[PDB]
């Protein structure tokens, strides 16, 4: 029922005018696809969905040197929970280059993560709740995506 555009600058987070919940979706658009970037520290780029208390509902980290993608969750003060992994970074972004889009579907009990047209993981939730803020962490010198990512949100749906 509603569309919201957010211009997330690398290293910052943002509050949503419309909360993301079951039936909703968010898509992080990047205007570049740096697959020859430096080495992550240890991450090159991260995309996250936070709960109102600050807990990471979905933490997605890309690591080129380690050539793997990380998927986890953690309460605002708690420890990183059970790690989920997927090898072959460059392979996910296949078919499309010069840019890339990452989508997260809030299926209620699971977060479907889609890179371009390819579903990379049907991530079972370790923490529930609606998402009120997103973030994009990376440094200009080593992020796989553009310095400014455009996360567009589609809410109201259900």
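Residue numbers count along the first chain shown, from 1.
Item to complete: Pick between 45 to 53 and 100 to 108: the one whose mean CA B-factor in the entry is higher.
Response: Stretch with the higher mean C-alpha B-factor: 100 to 108.
Fill in: Of the residues 116, 31, 124, 34, the one carrying the largest Cα B-factor as recorded
So the option with the highest C-alpha B-factor is 34.
Worksheet item: Which listed residue, 26, 58, 94, 130, has the largest C-alpha temperature factor in the record?
Response: If I rank 26, 58, 94, 130 by C-alpha B-factor, first place goes to 94.
Fill in: residue 5 - which third its CA temperature factor falls in, relative to the rest of the chain
It belongs to the middle third of the chain when residues are ordered by C-alpha B-factor.
Item to complete: Can you work out whether the C-alpha temperature factor of residue 17 puts it in the lowest, middle or highest third of the chain?
Response: Top third by C-alpha B-factor.
Fill in: Entry-reported Cα temperature factor of residue 149, expressed as the chain third it lands in
Top third by C-alpha B-factor.
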